[PDB]
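As a convention, Cβ positions derive from the backbone with ideal geometry for all residues, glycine included, and neighbour counts pool all protein chains shown. We did not get these values from a lab; they are worked out from the coordinates using the rules stated.
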There are 2 protein chains.
Amino acid sequence: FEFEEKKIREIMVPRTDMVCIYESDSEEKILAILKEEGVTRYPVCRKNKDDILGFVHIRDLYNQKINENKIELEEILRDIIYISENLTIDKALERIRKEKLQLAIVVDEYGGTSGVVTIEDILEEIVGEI
Amino acid sequence: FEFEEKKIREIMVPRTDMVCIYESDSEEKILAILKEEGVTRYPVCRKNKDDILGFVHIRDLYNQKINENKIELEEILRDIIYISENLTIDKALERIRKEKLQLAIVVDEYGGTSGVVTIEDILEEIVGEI
C-alpha cells in the first residue's frame, strides 16, 4: 500500500552517488570503476551527469576489451528511459515494464538528472510491503 | 598470459561463502537474503550445497511474489553447468560461452560442490591481465 503514495525519489541512487562512465574516460579508469563497484549496468554521460547518452552493460564492455583491446562505447550503447522523481514506485514499474528496459534515469523538476533506479531496486521495494 | 595457467579454483566464490536458496527455505528467509546480498542469480539446492537443482534469477523470484504472493522455485528454475576446479580460467570462459549460460557450479575432485563462479567474475579476471 505504502508504495502507491511513495515517490521514486525515495529509492533512487542519488545523482551524487550514481556512477557514470563519461565518453571521455580512459579505459584504465573504466576498468578500475567496474572492478570496485559491484554493478552490472552503467549509464554513459557526455561531459556531465545531465547529458546521458544511454547505458552500457558490463559484459559488453569486457568483451570489447578482451576481444579487441579497445572500448568503443557507441557500439554497445543501449537506450534508457527517463522518469520523473514524483512518479510513484508502482507507476515506475508499470512504465519500465512496458518499455522493456531494466534501468531508468530519474529526472528533476528542472530537466536535470536527479538520479538512477533499476527494475530490481523497484521490485525489492514493492515486495517489501507484501 | 597468467590466466592460461590459472585455475578457476582461484576466483570462485568458495562453497562456504556461496549462498544457496534451499527448496525448503521460507519465503521470508529468501527475501531477507536477496535484500542483504547484492546478487542477481542464485543457485537452488535440495538439502545441501552438493545437490544443486539449477539457479534462479532475482527478477523472476520477485515477480512471482508480487504477482501471486507465492514463490514456486520449480517454475523459474534455470539450468546450470558444472566445471572442474582445475579448469583454467580461459577454458572456463570458452565452455560457459559455448553453453550460453552466465553461471557455473564449480566441482571438486570428489564430485562435490567446491564453489560457484559467474561469467563476469571470469571476464573481470581476464581483462585484468590485458
Going through the stretch A:58-91 in order, the residues found to be of a type in the set (S, T, N, Q) and part of a loop (DSSP other than H, G, I, E, B) are A:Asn69, A:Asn86
Looking only at the stretch B:25-43, count every residue that is closer than 20 Å to B:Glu120 by Cβ, outside any loop (DSSP other than H, G, I, E, B) and touching a helix residue (DSSP H, G or I) at 6+ places or on another chain (Cβ under 9 Å) and tell me the total. 3
Show the residue pairs meeting these rules: Cβ distance below 6 Å; 6+ apart or different chains; first residue within the stretch A:30-48 and surrounded by 11 or more Cβ atoms within 10 Å (Cβ to Cβ); second residue β-branched (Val, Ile, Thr) and in a helix (DSSP H, G or I). A:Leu34/A:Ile58; A:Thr40/A:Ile58
Count, please, the residues in the stretch B:35-78 that happen to be over 14 Å from the mean Cα position of the chain (by Cα) and within 12 Å of chain A (Cβ to nearest Cβ). 15
Odd one out for B:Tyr110 among (1) assigned to a loop (DSSP other than H, G, I, E, B); (2) away from chain A (no Cβ under 11 Å); (3) surrounded by 17 or more Cβ atoms within 10 Å (Cβ to Cβ): (3)
Per the filter on the stretch B:9-29, residues closer than 13 Å to B:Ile105 by Cα and either within 14 Å of chain A (Cβ to nearest Cβ) or touching a residue at least 40 places away in the same chain (Cβ under 8 Å) (or both) are B:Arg9, B:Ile11, B:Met12, B:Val13, B:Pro14, B:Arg15, B:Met18
Within 14 Å of chain B (Cβ to nearest Cβ), under 15 Å from the mean Cα position of the chain (by Cα) and free of Cβ contacts under 8 Å to residues at least 40 places away in the same chain: does that describe A:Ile81? no
Filter the stretch B:49-73 down to the residues that are closer than 30 Å to A:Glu94 by Cβ and touching a residue at least 40 places away in the same chain (Cβ under 8 Å), then identify the one that is surrounded by the most Cβ atoms within 10 Å (Cβ to Cβ). B:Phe55
For the stretch A:84-101, how many residues are within 14 Å of chain B (Cβ to nearest Cβ), in contact (Cβ under 8 Å) with a residue 60 or more places away in the chain and either among the aromatic types (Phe, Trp, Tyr) or surrounded by 19 or more Cβ atoms within 10 Å (Cβ to Cβ) (or both)? 2
Residue list for the stretch B:1-17, filter: under 15 Å from the mean Cα position of the chain (by Cα) and either within 30 Å of A:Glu129 (Cβ to Cβ) or loosely packed, with under 14 Cβ neighbours inside 10 Å (or both): B:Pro14, B:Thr16, B:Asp17
